[PDB]
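Step one of this worksheet: look at the structure below.
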Protein chains: 2
Amino acid sequence: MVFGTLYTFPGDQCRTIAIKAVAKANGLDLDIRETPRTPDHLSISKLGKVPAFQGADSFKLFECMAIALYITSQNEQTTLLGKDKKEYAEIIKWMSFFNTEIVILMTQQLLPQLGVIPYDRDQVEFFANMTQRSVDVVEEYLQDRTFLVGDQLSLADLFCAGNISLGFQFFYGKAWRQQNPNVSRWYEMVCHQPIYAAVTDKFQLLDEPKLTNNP
Amino acid sequence: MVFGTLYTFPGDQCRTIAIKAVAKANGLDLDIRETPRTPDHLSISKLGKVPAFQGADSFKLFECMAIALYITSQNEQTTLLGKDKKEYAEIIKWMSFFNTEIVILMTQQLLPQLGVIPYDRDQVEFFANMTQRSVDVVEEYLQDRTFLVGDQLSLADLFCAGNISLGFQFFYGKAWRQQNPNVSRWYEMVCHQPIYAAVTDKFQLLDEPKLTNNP
Ligand SMILES: CC[C@@H](C/C=C/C1=C(C)C(=O)[C@]2(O1)C(=O)N[C@@](OC)(C(=O)c1ccccc1)[C@@H]2O)SC[C@H](NC(=O)CC[C@H](N)C(=O)O)C(=O)NCC(=O)O
Ligand SMILES: CC[C@@H](C/C=C/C1=C(C)C(=O)[C@]2(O1)C(=O)N[C@@](OC)(C(=O)c1ccccc1)[C@@H]2O)SC[C@H](NC(=O)CC[C@H](N)C(=O)O)C(=O)NCC(=O)O
Ligand SMILES: [Co+2]
Ligand SMILES: [Co+2]
């Protein structure tokens with residue numbers, strides 16, 4: 001049957017992509033609800049947050065790290081969670097760093113520029129630079145690394161790549177990628193991994209950013 | 001020997017307490033560096049963030065979820081990570097919810113009121129209410145629950161309780177706890193668990209908040 005239901009947004013969502021990806025790779029069918037905050041969704045996430053999950057099990061879950069790990073752990077033969085205890089902890093590290101130090105800061109750079117949230121050129125400039133100072137850590141770490149953790153694809157590669165896809169959607173044009181070659185290579189590499197390509201729209205990159213910090 | 005070194009702040013820190021707690025419970029000695037951002041600390045966390053960890057191993061880690069899980073997983077007999085795959089995912093859920101939807105929002109309520117960060121009565125009021133709307137979820141969930149996950153103490157109880165201790169330090173006086181009985185009971189219960197009491201200053205609660213949203 002269907003393994004469970006996943007509440008999300010239409011298309012590719014930065015906190016959802018890995019969840020779709022490892023579900024397919026683990027052979028778990030999912031019912032994708034692309035309409036958020038129905039009675040069913042609030043039953044899981046009272047604050048109405050995407051992603052939210054409920055199994056056929058009828059087991060309930062928010063948050064994205066928890067859902068991704070849950071679905072992944074289903075296959076006991078998976079190689080997406082590290083060789084050993086250290087690589088696992090490392091997978092946890094990158095997943096938490098990307099989700100709090102990159103997505104949360106990039107969100108406050110972005111929403112004002114879409115008119116969701118009040119706009120202040122200086123607030124937005126702050127977040128843009130705080131977001132990039134966190135991405136700079138990854139650029140640097142990836143100097144002469146292929147994968148975020150260990151020597152093969154992990155959940156961190158999938159989950160993090162899906163996270164940072166927010167920036168490739170709006171801000172990271174050719175210039176930015178010239179300037180940030182390792183993150184760009186690694187991101188473009190994870191996007192072409194079949195597990196990840198299978199559950200996403202066609203790969204596409206900005207030429208110029210869709211956004212600069214104008215209102 | 002010492003199992004590793006932990007960079008933190010002096011005294012009880014909301015993202016550090018569980019890490020100390022499960023290290024002791026697992027019989028791992030830790031060298032506690034209470035002076036952040038030395039050359040050694042930046043070697044782990046280039047952004048200078050607490051907690052950061054390095055084993056005698058010389059294995060390196062930030063972020064707090066990753067460190068806590070790493071140290072905990074050391075004992076293969078631990079009961080702090082759930083009976084099964086669901087309870088594990090649940091432990092991951094509460095750890096991520098407390099760390100992003102409570103600590104991050106409570107931080108922006110708090111820092112302006114300490115003068116770390118610019119102050120705007122309305123910005124602070126926003127965060128205060130967004131912080132409480134996330135805590136309300138826990139109040140509600142804990143109605144007729146003892147532990148966050150399963151039927152015994154887990155890492156989520158320890159880690160989350162340490163997180164929310166920020167609020168008990170500054171904002172949550174007798175009034176607040178009258179108003180929010182389940183979170184209060186559960187917090188006060190985790191603080192009296194010996195594993196957690198062992199690595200903290202004496203238990204103490206506000207009468208009146210140390211802070212209201214004045215500058
Ligand atoms: C970037 C992709 C996300 C879109 C974000 C939307 C968003 C809105 C709208 C919004 O109000 C905000 O982000 C948010 O959710 N909280 C927010 O305002 C309080 C914020 O600044 C913040 C949150 C947490 C910590 C610090 C600041 C911000 O303005 S993905 C869709 C959203 N998902 C999540 O937020 C899940 C997060 C959780 N940690 C997890 O599963 O990992 C979402 O559902 N937003 C709708 C909403 O009303 O909250
Ligand atoms: C609440 C206990 C924390 C104290 C927070 C201090 C703090 C300062 C100072 C600061 O600038 C800020 O919080 C921060 O770190 N980033 C911040 O500004 C960009 C912010 O608003 C934010 C961060 C992330 C997502 C959204 C917003 C905010 O003003 S604990 C000590 C601090 N630890 C961490 O931040 C670790 C977080 C990581 N996810 C993890 O290990 O889990 C710390 O070291 N702060 C110092 C600093 O300069 O960053
Ligand atoms: Co650079
Ligand atoms: Co109430």
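Just so we're on the same page: first chain in the structure tokens is A, next is B, and so on; residues restart at 1 for each chain, and ligands are numbered from 1 in the order they show up.
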(message) What does the list of residues within 10 Å of ligand 3 look like if you count only C-alpha atoms and all ligand atoms, written as number ranges by chain?
(response) A: 132-133, 135-137, 139-140, 176, 178-181
Hey, can you spit out that residue selection with N, CA, C and O atoms as a PDB file, in the first residue's frame?
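Resulting contents of again_10.pdb:
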ATOM      1  N   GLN A 132      25.354  33.984   3.899  1.00  0.00           N
ATOM      2  CA  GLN A 132      26.566  33.616   3.166  1.00  0.00           C
ATOM      3  C   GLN A 132      27.736  33.262   4.073  1.00  0.00           C
ATOM      4  O   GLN A 132      28.614  32.473   3.698  1.00  0.00           O
ATOM      5  N   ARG A 133      27.780  33.815   5.264  1.00  0.00           N
ATOM      6  CA  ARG A 133      28.877  33.440   6.119  1.00  0.00           C
ATOM      7  C   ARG A 133      28.659  31.998   6.531  1.00  0.00           C
ATOM      8  O   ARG A 133      29.639  31.285   6.693  1.00  0.00           O
ATOM      9  N   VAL A 135      27.149  29.636   4.540  1.00  0.00           N
ATOM     10  CA  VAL A 135      27.485  28.899   3.328  1.00  0.00           C
ATOM     11  C   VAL A 135      29.016  28.856   3.143  1.00  0.00           C
ATOM     12  O   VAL A 135      29.558  27.834   2.712  1.00  0.00           O
ATOM     13  N   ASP A 136      29.722  29.926   3.519  1.00  0.00           N
ATOM     14  CA  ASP A 136      31.199  29.965   3.377  1.00  0.00           C
ATOM     15  C   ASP A 136      31.880  28.809   4.105  1.00  0.00           C
ATOM     16  O   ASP A 136      32.804  28.180   3.584  1.00  0.00           O
ATOM     17  N   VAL A 137      31.363  28.462   5.273  1.00  0.00           N
ATOM     18  CA  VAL A 137      31.833  27.281   5.974  1.00  0.00           C
ATOM     19  C   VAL A 137      31.747  26.035   5.111  1.00  0.00           C
ATOM     20  O   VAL A 137      32.645  25.196   5.125  1.00  0.00           O
ATOM     21  N   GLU A 139      31.620  25.865   1.706  1.00  0.00           N
ATOM     22  CA  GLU A 139      32.534  26.065   0.578  1.00  0.00           C
ATOM     23  C   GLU A 139      33.934  25.604   0.937  1.00  0.00           C
ATOM     24  O   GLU A 139      34.660  24.944   0.158  1.00  0.00           O
ATOM     25  N   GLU A 140      34.286  25.980   2.155  1.00  0.00           N
ATOM     26  CA  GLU A 140      35.619  25.769   2.684  1.00  0.00           C
ATOM     27  C   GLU A 140      35.774  24.303   3.038  1.00  0.00           C
ATOM     28  O   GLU A 140      36.750  23.648   2.667  1.00  0.00           O
ATOM     29  N   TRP A 176      27.639  34.164  -8.643  1.00  0.00           N
ATOM     30  CA  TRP A 176      27.724  33.486  -7.352  1.00  0.00           C
ATOM     31  C   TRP A 176      28.415  32.134  -7.436  1.00  0.00           C
ATOM     32  O   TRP A 176      29.160  31.776  -6.534  1.00  0.00           O
ATOM     33  N   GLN A 178      30.514  31.120  -9.770  1.00  0.00           N
ATOM     34  CA  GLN A 178      31.904  31.362 -10.129  1.00  0.00           C
ATOM     35  C   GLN A 178      32.656  31.614  -8.854  1.00  0.00           C
ATOM     36  O   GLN A 178      33.735  31.102  -8.649  1.00  0.00           O
ATOM     37  N   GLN A 179      32.055  32.448  -8.016  1.00  0.00           N
ATOM     38  CA  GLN A 179      32.600  32.808  -6.726  1.00  0.00           C
ATOM     39  C   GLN A 179      32.630  31.658  -5.693  1.00  0.00           C
ATOM     40  O   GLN A 179      33.417  31.706  -4.760  1.00  0.00           O
ATOM     41  N   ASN A 180      31.758  30.654  -5.840  1.00  0.00           N
ATOM     42  CA  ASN A 180      31.573  29.603  -4.834  1.00  0.00           C
ATOM     43  C   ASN A 180      31.551  28.222  -5.455  1.00  0.00           C
ATOM     44  O   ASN A 180      30.543  27.495  -5.370  1.00  0.00           O
ATOM     45  N   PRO A 181      32.668  27.840  -6.067  1.00  0.00           N
ATOM     46  CA  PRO A 181      32.796  26.656  -6.922  1.00  0.00           C
ATOM     47  C   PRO A 181      32.534  25.301  -6.262  1.00  0.00           C
ATOM     48  O   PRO A 181      32.003  24.410  -6.929  1.00  0.00           O
TER      49      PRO A 181
END
(message) Residues of chain B were defined as contacting chain A if any atom lay at most 8 Å from it, counting only C-alpha atoms; please report them as JSON, numbers by chain.
(response) {"B": [46, 47, 59, 61, 62, 63, 65, 66, 67, 69, 70, 73, 74, 85, 86, 88, 89, 90, 92, 93, 96, 97, 100, 134, 137]}
Would you put the residues from that selection into a file with C-alpha atoms, as a PDB file, in the first residue's frame?
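Contents of selection31.pdb, freshly written:
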ATOM      1  CA  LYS B  46      34.787  28.600  12.465  1.00  0.00           C
ATOM      2  CA  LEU B  47      31.722  30.726  13.338  1.00  0.00           C
ATOM      3  CA  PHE B  59      36.921  13.663  16.045  1.00  0.00           C
ATOM      4  CA  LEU B  61      31.612  18.204  16.066  1.00  0.00           C
ATOM      5  CA  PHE B  62      29.274  21.144  16.189  1.00  0.00           C
ATOM      6  CA  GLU B  63      25.940  21.141  16.323  1.00  0.00           C
ATOM      7  CA  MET B  65      21.823  17.793  18.401  1.00  0.00           C
ATOM      8  CA  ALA B  66      24.760  16.026  16.757  1.00  0.00           C
ATOM      9  CA  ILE B  67      26.975  16.198  19.800  1.00  0.00           C
ATOM     10  CA  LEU B  69      23.312  12.111  19.943  1.00  0.00           C
ATOM     11  CA  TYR B  70      26.980  11.186  19.382  1.00  0.00           C
ATOM     12  CA  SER B  73      25.035   6.566  21.137  1.00  0.00           C
ATOM     13  CA  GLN B  74      28.433   5.643  22.716  1.00  0.00           C
ATOM     14  CA  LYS B  85      12.402   3.399  15.090  1.00  0.00           C
ATOM     15  CA  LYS B  86       9.326   5.469  15.873  1.00  0.00           C
ATOM     16  CA  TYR B  88      13.758   7.501  17.858  1.00  0.00           C
ATOM     17  CA  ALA B  89      12.246   9.657  15.137  1.00  0.00           C
ATOM     18  CA  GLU B  90      10.083  11.221  17.902  1.00  0.00           C
ATOM     19  CA  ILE B  92      14.628  13.670  16.839  1.00  0.00           C
ATOM     20  CA  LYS B  93      11.364  15.605  16.372  1.00  0.00           C
ATOM     21  CA  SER B  96      14.587  19.831  16.464  1.00  0.00           C
ATOM     22  CA  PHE B  97      11.322  21.542  17.460  1.00  0.00           C
ATOM     23  CA  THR B 100      14.451  25.818  16.145  1.00  0.00           C
ATOM     24  CA  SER B 134       5.464  27.051  20.036  1.00  0.00           C
ATOM     25  CA  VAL B 137       2.083  22.987  21.446  1.00  0.00           C
TER      26      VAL B 137
END
(request) May I have all residues of region 1-214 of chain A that DSSP, computed from the backbone, assigns to alpha helix (DSSP H), given as number ranges by chain? (result) A: 17-25, 39-42, 64-73, 85-97, 103-114, 121-141, 155-170, 174-179, 181-191, 194-197
Selection to disk with C-alpha atoms, as a short mmCIF file (atom, residue, chain, number, x, y, z; two decimals), in the first residue's frame:
data_model
loop_
_atom_site.label_atom_id
_atom_site.label_comp_id
_atom_site.auth_asym_id
_atom_site.auth_seq_id
_atom_site.Cartn_x
_atom_site.Cartn_y
_atom_site.Cartn_z
CA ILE A 17 13.04 16.94 -1.27
CA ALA A 18 15.17 14.42 0.64
CA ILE A 19 12.08 12.94 2.29
CA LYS A 20 10.56 12.17 -1.16
CA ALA A 21 13.97 10.96 -2.35
CA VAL A 22 14.76 8.38 0.33
CA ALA A 23 11.14 7.15 0.35
CA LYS A 24 11.40 6.22 -3.32
CA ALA A 25 14.90 4.79 -2.86
CA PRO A 39 -7.83 19.42 9.01
CA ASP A 40 -5.59 16.39 8.37
CA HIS A 41 -2.37 18.49 8.32
CA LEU A 42 -3.24 20.43 11.54
CA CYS A 64 11.88 17.57 8.49
CA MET A 65 15.01 16.05 10.07
CA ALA A 66 12.82 13.60 11.98
CA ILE A 67 10.75 12.63 8.99
CA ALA A 68 13.76 12.13 6.73
CA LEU A 69 15.59 10.06 9.27
CA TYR A 70 12.45 8.01 10.02
CA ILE A 71 11.70 7.11 6.40
CA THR A 72 15.42 6.39 5.76
CA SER A 73 15.90 4.16 8.81
CA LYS A 85 28.72 6.28 14.92
CA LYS A 86 30.91 9.17 13.82
CA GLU A 87 29.65 9.51 10.28
CA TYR A 88 26.10 9.30 11.70
CA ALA A 89 26.72 12.16 14.10
CA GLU A 90 28.28 14.02 11.11
CA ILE A 91 25.17 13.44 9.03
CA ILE A 92 23.15 14.87 11.97
CA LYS A 93 25.54 17.85 12.12
CA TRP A 94 25.14 18.93 8.50
CA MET A 95 21.42 18.38 8.50
CA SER A 96 21.06 20.67 11.58
CA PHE A 97 23.56 23.26 10.31
CA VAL A 103 17.56 27.95 5.63
CA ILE A 104 16.40 30.00 8.57
CA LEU A 105 18.76 32.87 7.72
CA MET A 106 18.07 32.65 3.98
CA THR A 107 14.34 32.74 4.73
CA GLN A 108 14.62 36.15 6.38
CA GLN A 109 16.63 37.33 3.39
CA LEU A 110 13.93 36.11 1.06
CA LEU A 111 10.52 36.67 2.46
CA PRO A 112 10.85 40.42 2.66
CA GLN A 113 11.82 40.45 -1.00
CA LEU A 114 8.67 38.54 -1.91
CA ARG A 121 16.94 47.10 3.13
CA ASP A 122 19.27 46.80 6.08
CA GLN A 123 17.56 43.85 7.80
CA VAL A 124 17.65 41.99 4.44
CA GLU A 125 21.29 42.87 3.88
CA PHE A 126 22.14 41.52 7.32
CA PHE A 127 20.49 38.18 6.64
CA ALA A 128 22.00 37.95 3.18
CA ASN A 129 25.52 38.22 4.67
CA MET A 130 24.79 36.01 7.69
CA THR A 131 23.41 33.43 5.28
CA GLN A 132 26.57 33.62 3.17
CA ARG A 133 28.88 33.44 6.12
CA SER A 134 27.23 30.08 6.95
CA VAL A 135 27.49 28.90 3.33
CA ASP A 136 31.20 29.97 3.38
CA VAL A 137 31.83 27.28 5.97
CA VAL A 138 30.53 24.68 3.54
CA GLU A 139 32.53 26.07 0.58
CA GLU A 140 35.62 25.77 2.68
CA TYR A 141 34.84 22.37 4.10
CA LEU A 155 21.21 11.60 3.79
CA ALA A 156 23.16 14.81 4.58
CA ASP A 157 24.06 15.21 0.90
CA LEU A 158 20.40 14.71 -0.08
CA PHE A 159 18.74 16.71 2.71
CA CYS A 160 21.26 19.56 2.67
CA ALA A 161 21.27 19.86 -1.10
CA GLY A 162 17.48 20.14 -0.96
CA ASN A 163 17.82 22.80 1.69
CA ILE A 164 20.30 24.99 -0.17
CA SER A 165 18.20 24.66 -3.35
CA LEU A 166 16.36 27.70 -2.02
CA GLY A 167 19.40 29.79 -2.88
CA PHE A 168 19.80 28.25 -6.30
CA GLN A 169 16.20 29.10 -6.96
CA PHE A 170 16.50 32.83 -6.27
CA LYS A 174 26.45 32.34 -12.61
CA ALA A 175 28.43 34.99 -10.79
CA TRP A 176 27.72 33.49 -7.35
CA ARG A 177 28.72 30.03 -8.61
CA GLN A 178 31.90 31.36 -10.13
CA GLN A 179 32.60 32.81 -6.73
CA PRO A 181 32.80 26.66 -6.92
CA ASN A 182 32.77 23.82 -4.36
CA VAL A 183 29.23 24.32 -3.07
CA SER A 184 28.13 24.73 -6.66
CA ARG A 185 29.85 21.57 -7.79
CA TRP A 186 28.61 19.51 -4.86
CA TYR A 187 25.03 20.83 -5.23
CA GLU A 188 25.00 20.25 -8.97
CA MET A 189 26.38 16.75 -8.25
CA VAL A 190 23.71 15.82 -5.72
CA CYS A 191 21.02 17.13 -8.02
CA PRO A 194 19.26 9.47 -9.61
CA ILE A 195 17.76 9.05 -6.17
CA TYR A 196 17.41 12.87 -6.00
CA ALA A 197 16.68 13.61 -9.62
#
(message) Env of residue 150 (chain B): 9 Å cut, atoms = only C-alpha atoms, seq-sep filter 2 positions within chain, self excluded. Answer as a count of residues only.
(response) 10
(request) Name the closest residue to ligand 2 among the candidates B:193, B:75, B:8, B:212; distances are taken between atoms, counting only C-alpha atoms and all ligand atoms. (result) B:8
(request) Could you tell me which of B:76, B:31, B:101, B:57 comes closest to ligand 2 if we count only C-alpha atoms and all ligand atoms? (result)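 Looking at the shortest contact to ligand 2, the residue is B:101.
For the set A:4, A:27, A:115, A:209, the residue with the smallest atom-to-atom gap to ligand 1 is A:115, counting only C-alpha atoms and all ligand atoms.
Atom 27 (C, counted along the ligand's line) of ligand 2 is found 15.6 Å from CA of residue 117 (chain A).
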(request) Name the closest residue to ligand 4 among the candidates B:54, B:213, B:143, B:200; distances are taken between atoms, counting only C-alpha atoms and all ligand atoms. (result)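 Nearest candidate to ligand 4 out of B:54, B:213, B:143, B:200: B:143.
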(request) Work out how far apart atom 31 (C, counted along the ligand's line) of ligand 1 and CA of residue 50 (chain A) are and give it in Å to one decimal. (result)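 Separation between atom 31 (C, counted along the ligand's line) of ligand 1 and CA of residue 50 (chain A): 5.0 Å.
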